[PDB]
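Okay, structure first, notes after.
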Ligand SMILES: CN[C@@H](C)C(=O)N[C@H](C(=O)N1CCC[C@H]1c1nc(C(=O)c2ccc(F)cc2)cs1)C1CCCCC1
Ligand SMILES: [Zn+2]
C-alpha cells in the first residue's frame, strides 16, 4: 500500500534519473524504470520507488522484473503489474 518514494512514482520521472547511467552496464534504463527502479546516481545502484529495495551489479541478460521478484517478492507494485503468479 505505502509507496517509499512518491517522487519516483511515474516511469517518466524514474527514466529521467538514468541520465548518467553508465553505458557499460549491460541493462537498459528503460527496462529498469519500467520495472519500478530509479538510479541513485552512483555506480549501478538502483532502488524501487515502491518497496525501497536496492539492486546493483547488473549482469548481461538480467531481467529487471525477474530480479525484482527474486529479491523483493512482496513489493506491491511488482505484484500489481506482474501478478502473484509471477512471484
Ligand atoms: C545479478 N543480478 C543483480 C541485479 C543482483 O541480483 N544483485 C544482487 C543485489 O543487488 N542484491 C541482492 C539482494 C539485495 C541487493 C543488494 N543491495 C546492496 C546494496 O547495498 C544497495 C544499496 C543501495 C542501492 F541503491 C542498491 C544496492 C548490495 S546487495 C547481488 C548479487 C551478488 C553480487 C552483489 C549484488
Ligand atoms: Zn519494489
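Numbering (our numbering), first residue to last: 9 to 95. The beta carbon of each residue, even a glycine, is placed where N, CA and C say it ideally should be.
Taking residue 51 as reference, the option from 70, 29 and 76 with the minimal CA-CA separation is 29. Of all alpha-carbon atoms in 79, 75 and 41, the one lying nearest the alpha-carbon of residue 27 is that of 41. Assigned with DSSP and collapsed to three states, residue 44 falls in coil, not helix or strand.
Across the structure, residue 92 and residue 76 are spaced so that their CA atoms are roughly 13 Å apart.
Around the Cβ of residue 79, a 10 Å sphere holds fewer than 16 other Cβ atoms; the residue is exposed.
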